[PDB]
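Note sheet for the following structure.
Note that each Cβ is placed from the backbone with ideal geometry, even for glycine, and that neighbours are counted across all protein chains shown. What follows is calculated from the coordinates using simple rules that are stated; it is not laboratory data.
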Amino acid sequence: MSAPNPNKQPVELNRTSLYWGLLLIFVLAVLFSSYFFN
Amino acid sequence: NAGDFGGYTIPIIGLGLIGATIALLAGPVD
Amino acid sequence: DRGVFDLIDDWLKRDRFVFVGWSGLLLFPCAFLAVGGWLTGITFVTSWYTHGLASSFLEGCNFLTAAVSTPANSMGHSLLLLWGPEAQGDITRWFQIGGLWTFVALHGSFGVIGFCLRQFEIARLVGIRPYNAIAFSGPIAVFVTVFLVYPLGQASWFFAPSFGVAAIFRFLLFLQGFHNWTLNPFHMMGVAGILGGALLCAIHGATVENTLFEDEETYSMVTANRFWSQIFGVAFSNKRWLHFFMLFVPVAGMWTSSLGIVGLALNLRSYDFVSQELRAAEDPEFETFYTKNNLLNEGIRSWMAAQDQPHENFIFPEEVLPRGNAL
Amino acid sequence: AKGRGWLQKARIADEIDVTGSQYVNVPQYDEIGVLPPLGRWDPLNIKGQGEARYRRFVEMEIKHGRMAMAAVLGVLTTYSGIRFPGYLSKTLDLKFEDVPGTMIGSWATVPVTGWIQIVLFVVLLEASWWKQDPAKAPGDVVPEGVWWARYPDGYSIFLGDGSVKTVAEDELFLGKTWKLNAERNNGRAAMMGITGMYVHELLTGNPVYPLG
Amino acid sequence: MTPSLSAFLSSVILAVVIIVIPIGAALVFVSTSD
Amino acid sequence: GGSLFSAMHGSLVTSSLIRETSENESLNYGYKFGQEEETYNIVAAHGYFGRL
Amino acid sequence: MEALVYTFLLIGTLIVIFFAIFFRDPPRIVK
Amino acid sequence: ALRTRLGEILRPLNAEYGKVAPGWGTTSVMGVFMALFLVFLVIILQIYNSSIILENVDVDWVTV
Amino acid sequence: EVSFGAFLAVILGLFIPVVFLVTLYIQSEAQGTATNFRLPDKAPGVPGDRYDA
Amino acid sequence: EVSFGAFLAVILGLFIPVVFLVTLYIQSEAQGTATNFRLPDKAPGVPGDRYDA
Amino acid sequence: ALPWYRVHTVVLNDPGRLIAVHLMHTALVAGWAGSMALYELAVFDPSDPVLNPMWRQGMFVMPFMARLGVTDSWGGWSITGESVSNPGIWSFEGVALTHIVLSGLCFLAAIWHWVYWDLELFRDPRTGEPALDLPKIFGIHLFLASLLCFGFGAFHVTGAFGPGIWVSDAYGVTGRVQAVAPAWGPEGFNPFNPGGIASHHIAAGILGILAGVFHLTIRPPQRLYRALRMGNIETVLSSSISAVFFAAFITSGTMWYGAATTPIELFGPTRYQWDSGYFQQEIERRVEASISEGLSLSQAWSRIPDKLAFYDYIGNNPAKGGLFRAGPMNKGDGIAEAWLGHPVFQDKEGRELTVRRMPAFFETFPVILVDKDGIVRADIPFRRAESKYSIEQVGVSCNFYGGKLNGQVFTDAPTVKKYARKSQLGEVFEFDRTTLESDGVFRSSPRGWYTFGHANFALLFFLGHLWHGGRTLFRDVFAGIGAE
Ligand code: CLA
Ligand SMILES: CC(=O)O[C@H]1CC(C)(C)C(=C=C/C(C)=C/C=C/C(C)=C/C=C/C=C(C)/C=C/C=C(\C)C(=O)C[C@@]23O[C@]2(C)C[C@@H](O)CC3(C)C)[C@](C)(O)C1
Ligand SMILES: CC1=C(/C=C/C(C)=C/C=C/C(C)=C/C=C/C=C(C)/C=C/C=C(C)/C=C/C2=C(C)CCCC2(C)C)C(C)(C)CCC1
Ligand SMILES: CC1=C(/C=C/C(C)=C/C=C/C(C)=C/C=C/C=C(C)/C=C/C=C(C)/C=C/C2=C(C)CCCC2(C)C)C(C)(C)CCC1
Ligand SMILES: [Fe+2]
């Protein structure tokens, strides 16, 4: 049935978690770029 | 290799059987 | 309670001088045999017939040089059971072919399984979340990959680390010379996690002790957050996030480095930068610190292979031994 | 001394709710042959022709499906080359291996005196031995004491420890209604199967014509 | 029955009758006692 | 040892966090910046480590 | 163009660090 | 909730939620099968490991 | 020998997770849940008040 | 010869505006402004009521 | 309020939406299989299956298609090299296209189950809450899986109704798809015996059907239901993850050590065949048999097949590649063109010299020529080292037998040094380093990459088992504990 789903939940990502994710992705790219290019 | 194990018969009959059962069960009840 | 299983369950979880539990049925004999087997090997058992080395207190070794050395290369990945087709029940021949190594490694592997089960059992008994068991999965992954997965991908148990101080030191230089393990990005993530964990241990212990209240909370989180915001730029404000982070970074360092050891088991190593190797081949004047490191790896490999792998009977004349005099 | 006292002690206890209370048991497929996909598929409304005329059709579907299931298995065995050892007719020098495994080939090569013995056995079964009792269920023609596999409601099955489970009629794969339904449906499928194998043979000589 | 297979069977029997059964019996005894 | 003690202390504190949030909300919202009371059960963590 | 990619990655990391320091979530003490 | 033709068909297959056998049930039979599985897994491991050398089976690449 | 596939691995291996994190934070700002200095949820789907309020 | 820069032009020329549109729509859904079947704003910053309540 | 790492837990108590995300994952996985095979069919060169097989070209899904009987293509070629006229639908392209069509149909089915999540089937009639009777669902799925396990073994593998599986000789020169009779004795537990595959799936399938009958009839014990939390969907996630990494560790060892399910004609040789000289010993055994027949060395080494000599080459060793040496095996040493023959080295004293072969450990190994006694006679010194036993000083000549250089004799030191370097890597071969711009560094086979992926995935799935196992047994306290 196409009823309103009661299990729908909002998703949260604060600014600190955004900065941690951006730092992790950029540092991982910095680390692995030399290995990918060679 | 074609014609082995019935040829295209079993895939055609099998796919037609699946499509027919889905259409048979597609209607609402009562 | 009611039923024989419940009396055993009550007795195993009873508060005594040491907790036993159901996990203690696996942990206590396996850990005692692994530690007792290691202490037996470093005291009496030699490595003369497997490695051509003396590695026991009986032969004159000290604590730094004694070891329980790996089995002979001819054994392969044999379990080397005492009743197995190699020793055939002979305890003396079992010691000589390196069967004590597989004894310590296998009983040690079931020991760390029992200890992690013990962490799960006490957490359920006390009533807390099992985060110590998840944190111990880091050391489990390191032990499993280094002492089991790495030799299982190699030729035999021989290339696993030997349970000793100087033997581990050889294993460090072996993986550097043969795999360029320092240049692996997975070891680099491991170094960051382990050095970061030591940083987090030092910086958290200093901060708590230096933001204490003169005597609820024993230290000022607001003062600590203010201090590191002006010293470092950023600071912790959540005490729960600070303690998950103290768990995460050393455990993630153990898990990331274990993934690279699995690649090293199959010789899927980060040995070279191909474009840097090709450019140095056509242009002999080109030289970086990576190219100098590959020269030192060649020096490690050729100068140790005669004695580190005596089963191969390597005969290297002085002409083929790499030297700095021949560039 | 009755030898059945150990059965009650080996019997597994009744299934309960996980909390500890007794389990609450809590649809339109009541008759054997009425199955989930089509339900009661009666395009000709034979059920409306009378209870006597509908009781005739249930026994008729059961009997037709039972011979067709045996007929399908017979052709699949003989066309594959499986034969009994020895001679079918020592007078006619007819070995089992000589007779074709095909339906028309086996129907002609088997002697008519041999075919009479098959027919007379069916006639003997149909007219005296395995006669349908009007009080009994349709298709229940085997009398008592003729050593037939029966699955009554609450019959016993046995586990590894020696424990005994009673099987109700509504149990999956083991109840009577499952086996009764599976006899009817396999009979229905073999009914279409045996006539399809006949016409494919009539047209190509191969009873399973695409296969082979 | 090769010597290695016989050794394996002996090892299984020995494990059951020296490790499993004595530890279980000791556990049952000390659980019914205490 | 620093990595060991950091992971150990972090796991001990994370294990004994006092319930303050919802069913699947992040537990870090259970701590308020500048609060006075303890954010984790110290006696439960001490009992776990003592029995360990 | 490999050195360009390396420089872009390092400068982007430093930009992320700058934003994390100076445009962080301002800590507010609960009442 | 929506009632469908297939949902009505599959309804008895999801109608026994929470139903258990009281007490220990068939755990003793399960432990025997677990113990036999453990011995069986050790056998095929030791055959592959060549810790059990059988009569005329050889752990090596075979022809045909 | 500029490895063409390696350039995409660095670019897309950086762009796609950065995009996912940026998209998650922006819709978090729209819902008023992009700060950790706020109370726990008052009701399901209702974020708590900020500490400054 | 596969033009290396042309691959990035097709990929980044497609990915970046698609990302920008997806990010704009997702934060619009969080604010309840991602439907055109709603009334105009009753106040600045307050979206109007939807047509079906 | 849901963090990023907990977003998919909205499906935890929604059986309709749980089927939807599982159908979506099925659509992506089946979509990958069709797409991977289509991309692989674009870059595959079927011209020479002797010196350029599938495992030299970095074929990943293609060996798994060929292992179960799909060897022909719609383009008119087969893996064995024999030109095929009509393969039917089940060719390489037809298998790839069917996985694409299956991916789209699962995508459409995932949409329906996502939209129509609220079905009465997922509701408990006693309470009205969403409920899944997991022990009964397990019995249905175990019966269905065992039926497929039995049917695969009894009909597909045995060839009763099926193509069979890939089988070869002990040295991987005559490989073909063939019906395999089940081995019911102790030889079925030989991992290299293909008869064990047929007998396992029949025996395990039958036992699984019997277990499925038990699990569809007998309810769980109450004490086992509470201990394992069988009313919680996360307890089967933790146990299935455990069974999943248990299988992945086994398939990693089976691939690495070799078995009948990982033939060398589809995945390449193993590292243990080079370590023990498996192909080398058979090569000298066939040569010594021809010598006893009266053939000269030139014709004795000419009977050695190029496929057998290609296996005795360290560039085909899966333990010679690198983690970031991407691409096919042809991207490394090059594309193999012709066997150059077997070089025989000899000094001025008639002593037969053999180059010491390179172990898989060494990135670079010294070039050393030894006699039958084991004493070093000649050398290639390290760069500009002061030579005493060099090739020029000792005066080593090289004679090639078989291959393209059959009967040729090289005595000038630069060519002898060049062939002594190539003899260190096993059999000498000629490589096309210009078609793929090969750089000369050895790469790993599909055998090496599969083991790396699945041993690392299994290790990470051990962590998931501990995490999801803890979340099951500690579900009551995972939002926090009480203050004491
Ligand atoms: C001897 C054959 C036979 C008989 C007596 C019955 C009798 C019955 N069936 Mg079956 N049925 C059969 C064969 C038969 N069935 C076959 C082969 C199938 C599978 C295709 C089915 C599938 C089926 C379902 C799904 C259901 C029934 C149901 C029923 C019941 C009422 C409906 C009915 O009477 O239709 C029977 C119709 C006839 C007997 C018509 C007479 C024969 C016609 C003319 C055959 C047509 C020609 C045929 C295709 C052969 C072609 C030869 C050519 C030369 C002309 C009744 C018990 C219902 C139920 O199960 O109740 C218990 C129901 O739901 N039947
Ligand atoms: C002591 C005693 O007596 O107790 C007895 C009691 C009892 C209950 C009787 C017992 C039982 C069970 C029994 C006897 C079970 C018997 C089962 C049996 C014999 C049932 C066959 C079905 C065949 C079908 C469905 C065929 C359809 C096939 C169809 C639909 C076809 O179209 C055929 C086909 O060829 C075409 C036309 C074209 C081809 O291109 C394709 C194929 C090949 C598909 C016991 C326990 O054993 C013993
Ligand atoms: C192997 C084996 C086994 C086992 C055994 C065992 C179990 C043993 C045990 C053993 C043991 C158990 C031993 C011990 C030893 C000890 C020692 C050797 C000690 C020493 C000490 C010292 C030296 C000290 C010092 C110090 C310190 C450290 C610090 C402070 C100060 C002092 C000075 C005090 C068996 C039989 C099963 C059989 C098989 C084999
Ligand atoms: C709708 C539809 C359709 C269509 C469909 C299609 C066309 C499909 C496609 C599909 C596809 C086309 C898909 C694909 C997929 C893919 C995938 C899914 C991938 C994935 C990947 C990944 C996951 C990876 C990752 C990684 C990396 C990157 C690195 C290393 C590690 C790893 C491996 C993890 C049709 C018409 C038929 C029908 C109707 C409907
Ligand atoms: Fe603290």
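Residues in region D:71-116 that are assigned to a helix (DSSP H, G or I) and over 27 Å from D:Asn186 (Cα atoms): 6 in all. Of everything in region F:1-47 that is at the interface with chain K (Cβ under 10 Å from one of its Cβ atoms), assigned to a loop (DSSP other than H, G, I, E, B) and of a type outside the set (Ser, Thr, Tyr), the residue that is nearest to C:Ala133 (Cα to Cα) is F:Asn41.
Taking region D:156-212 as the range and being within 14 Å of chain B (Cβ to nearest Cβ) and more than 16 Å from ligand 1 (Cβ to nearest atom) as the test, the residues that pass are D:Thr204, D:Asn206, D:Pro207, D:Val208, D:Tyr209, D:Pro210, D:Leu211, D:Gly212.
Residues of region D:1-39 that are away from every other protein chain (no Cβ under 14 Å) and within 10 Å of ligand 1 (Cβ to nearest atom): D:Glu31, D:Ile32, D:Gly33.
In region I:1-30, the residues that are at the interface with chain J (Cβ under 10 Å from one of its Cβ atoms) form Cβ pairs under 7 Å with partners that are assigned to a loop (DSSP other than H, G, I, E, B) and surrounded by fewer than 17 Cβ atoms within 10 Å (Cβ to Cβ), at six or more places apart or across chains, as follows: I:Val2/G:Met1; I:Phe4/J:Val2; I:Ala30/J:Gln31. Residue count for region K:119-131, restricted to those that are crowded, with 17+ Cβ neighbours inside 10 Å and either more than 7 Å from every other protein chain (Cβ to nearest Cβ) or within 43 Å of the chain's Cα centre (by Cα) (or both): 5. Among the residues examined, D:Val122 does not qualify as within 14 Å of chain B (Cβ to nearest Cβ) and closer than 18 Å to D:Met69 by Cα. For the criterion of being within 12 Å of ligand 1 (Cβ to nearest atom), more than 14 Å from chain H (Cβ to nearest Cβ) and in contact with a helix residue (DSSP H, G or I) (Cβ under 8 Å, 6 or more places away or on another chain), D:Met69 passes. Of J:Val18, J:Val2, J:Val10, all but one fail to be in a loop (DSSP other than H, G, I, E, B), closer than 30 Å to G:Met1 by Cα and β-branched (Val, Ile, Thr); the exception is J:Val2.
Which members of region A:12-25 meet the condition of being part of a helix (DSSP H, G or I), facing chain I (nearest Cβ under 7 Å) and not charged (D, E, K, R)? First the steps, then the outcome.
Applying the first criterion (part of a helix (DSSP H, G or I)) to region A:12-25 yields A:15-25.
From the residues that got through so far, the ones that are facing chain I (nearest Cβ under 7 Å) too are A:15-16, A:18, A:21-22, A:25.
Selection gives A:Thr16, A:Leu18, A:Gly21, A:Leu22, A:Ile25.
Going through K:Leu51, K:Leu147 one at a time, which residue ends up being in contact with a strand residue (DSSP E or B) (Cβ under 6 Å, 6 or more places away or on another chain), over 25 Å from K:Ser35 (Cα atoms) and not hydroxyl-bearing (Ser, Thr, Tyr)? Criteria check complete, one pass: K:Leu51.
Exactly one residue out of D:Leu174, D:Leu202 is more than 30 Å from K:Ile140 (Cα to Cα) and surrounded by 11 or more Cβ atoms within 10 Å (Cβ to Cβ): that is D:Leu202.
Which of the residues belonging to region K:46-69 are outside any helix (DSSP H, G or I) and under 20 Å from K:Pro269 (Cβ atoms)?
Answer for region K:46-69, where residues must be outside any helix (DSSP H, G or I) and under 20 Å from K:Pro269 (Cβ atoms): K:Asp48, K:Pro49, K:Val50, K:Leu51, K:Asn52, K:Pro53, K:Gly58, K:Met59, K:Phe60.
State yes or no: is D:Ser89 more than 14 Å from chain H (Cβ to nearest Cβ) and touching a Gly at 6+ places or on another chain (Cβ under 7 Å)? Judged against the criteria, D:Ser89 is a match.
For region I:36-46, the set of residues classified as in contact with a helix residue (DSSP H, G or I) (Cβ under 7 Å, 6 or more places away or on another chain) and under 13 Å from A:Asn14 (Cα atoms) consists of I:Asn36 only. Of all the listed residues (K:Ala37, K:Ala42, K:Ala33, K:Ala66), the sole one being in contact with a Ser or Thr (Cβ under 9 Å, 6 or more places away or on another chain), away from ligand 1 (no atom under 16 Å from the Cβ) and small (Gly, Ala, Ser) is K:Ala33.
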